[PDB]
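First comes one chain, alone, set out as structure tokens in the form deposited in one PDB entry.
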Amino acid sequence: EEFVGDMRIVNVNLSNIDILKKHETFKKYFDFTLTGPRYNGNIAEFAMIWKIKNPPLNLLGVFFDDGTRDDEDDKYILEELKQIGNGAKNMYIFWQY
């Protein structure tokens, strides 16, 4: 398993983003109306809004399951997001195919 401090990096593969609409855990945090992969600055409904910078082809989103962090569009590429967990126990990275 991949770790940054007490935070586990968890890669999740999905056949499409629509699968997360029925995921008991993730469904409240995604904004399914948004174009391009987002990360969350906090834990609240629809919180995954911050545009990940220069995302790879298949990145669908990032969810930090705890903590708060800097919340800005087109600032952090995926590799940098791994460094701003700030108390998240898991960083879920959602991929297609």
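The numbering used is simple: start at 1 and walk along the sequence shown.
One more form of this protein should be noted, the form solved in complex with a partner chain, which is absent from this view; the next part is about it.
Asker: With the partner left out of view, is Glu24 within 4.5 angstroms of its partner chain in the bound PDB entry by any non-hydrogen atom?
Answerer: Yes.
Asker: Given that its partner chain is not shown alongside this chain, does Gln83 nevertheless sit within 4.5 Å of it in the bound PDB entry, heavy atom to heavy atom?
Answerer: Result no; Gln83 lies far from its partner chain in the bound PDB entry.
Asker: Under a 4.5 Å heavy atom criterion, is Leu78 part of the interface with its partner chain in the bound PDB entry?
Answerer: No, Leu78 is distant from the partner.
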